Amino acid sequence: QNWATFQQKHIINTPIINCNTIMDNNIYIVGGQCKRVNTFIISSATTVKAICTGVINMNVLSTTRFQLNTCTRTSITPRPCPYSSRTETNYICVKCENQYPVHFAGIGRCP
C-alpha cells in the first residue's frame, strides 16, 4: 500500500531459512487469518526502490533479476499456519507510485 509497508512485508536482507517462522507475524494476518502468499525479496531497500526511479504511477517489471523466497500457506489453522517455500531468481513486477514500490504485483511478469 505504501513504501514503508512494502519494505516491511517484502524486503529482507538475508535468505528465508524457514517460511513457517517468518510468516508468524501479525503483519501477515488479513481478515483475521494467515495470508495466502507472500514473496520475500532478498535485497536492500535501495536496490528494490531503484526499480521505480523516474516512475510516477505504473506497474514496472524490473530490468534485473532478484533472489526471491515465496511462502505459500498450505492450510488455514490457528496461528501460526503452515507454509511451503519456493525459491527462485527472477524479475519482479511492483507498482511504482511517486518512485516508490507500493505493492508486489508479480514474479517474472506484470499482470
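Residue numbers run from 1 along the displayed sequence.
- Looking at mean Cα B-factors across 35 to 43 and 50 to 58, the upper value is held by 50 to 58.
- Between the stretches 21 to 29 and 6 to 14, it is 21 to 29 that shows the larger average CA temperature factor.
- For the set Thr70, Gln67, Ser75, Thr63, the PDB entry assigns the largest Cα B-factor to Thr63.
- Ranked against the other modelled residues of its chain, the C-alpha B-factor of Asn90 as given in the entry falls in the lowest third.
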